[PDB]
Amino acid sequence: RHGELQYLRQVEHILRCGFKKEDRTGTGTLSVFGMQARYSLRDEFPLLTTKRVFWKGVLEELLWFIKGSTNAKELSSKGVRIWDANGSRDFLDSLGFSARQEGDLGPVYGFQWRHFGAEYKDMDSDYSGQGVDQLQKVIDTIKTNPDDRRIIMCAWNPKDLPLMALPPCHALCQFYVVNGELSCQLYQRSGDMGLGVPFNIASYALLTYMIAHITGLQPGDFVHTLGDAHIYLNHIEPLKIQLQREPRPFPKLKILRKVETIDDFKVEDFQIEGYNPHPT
């Protein structure tokens, strides 16, 4: 009943029953369409243990989303370089974004979360007060109407898709409250089980911890829903080895001071305790 066994069973399922299917580069995957897992957030934190997850990247990326940044260099300057290739001069040129400064990802996550529907110009523009601040709306609704069934933050913006260096893999999420507990469901249109999915689970579990903290609630569940769940073909043999490792008890996530607004969270406010992932 360790929560990571769900993830292992999803990987096993794709290895056994997935179909060969290729991505935009013509590279092969094994793929299943439509999966779901539930990770409890109650006195533990689902940071996967059968292979180490880049927690520093999880935390800094989420803080970067929250402040609305679309500059890959603003994340890279924290030592987190996962978005840098998508803002490179050559990649941006290949998409027709010649006039963009290097690092300008377009209206990706942070912009849609804080300024949905505003007109994007570039990554250095001031978007204060423009568009729908979905993130603060979710927090507001949780505080005042926890029964609400419309508590959604949606990064999928069909109008803005052509401007993005990458359309969001995490298309939308929904929050839910019962019994003083805050839950979150992510709709992820595409998930690389080997590398991306563990990171994305941590990301939305952390966001739920953050929002629960500032709304006075306790973390409940993170429900992970996938569209195209896939394993790259050259990852099959390492994953078969990983699948025979027993999960170690999940770590705990501690928030080290009372924080009042989502914008006030800082990297030093968080401590992962007892994280003991299997080595690679």
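Heads up: residue numbers just count along the shown sequence, starting at 1. Here the rigid core means the biggest group of C-alpha atoms that line up within 1.5 Å when the two forms are laid on top of each other.
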* Would you mind working out which of 229-237 and 32-40 sits farther from this form in 8 other deposited structures of this protein by RMS C-alpha distance, with the rigid core as the fit? => 229-237
* To do: After fitting on the rigid core, pick out whichever of 87-95 or 155-163 shows the bigger RMS C-alpha deviation in 8 other deposited structures of this protein.
  => 87-95
* To do: Between 259-267 and 6-14, point out the one with the higher average CA B-factor as the PDB entry records it.
  => 259-267
* To do: Please work out which of 220-228 and 66-74 has the higher mean CA B-factor as recorded in the PDB entry.
  => 66-74
* **Selection by C-alpha B-factor (highest) of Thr49, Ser40, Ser31, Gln244** => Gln244
* To do: Please pick out which of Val178, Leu135, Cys184, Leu195 has the largest Cα B-factor as recorded in the entry.
  => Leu195
* Structure fact -> Chain thirds by Cα B factor, record data; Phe116 belongs to the middle
* Asked: So where's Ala212 on the chain's Cα temperature factor ranking, which third?
  -> middle
* If you rank the chain by CA B-factor, which third does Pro167 end up in: lowest, middle or highest? -> middle
* Asked: Mind checking which third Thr141 falls in for C-alpha B-factor across the chain?
  -> middle
* Structure fact -> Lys56: C-alpha B-factor third of its chain, per the entry, is the lowest
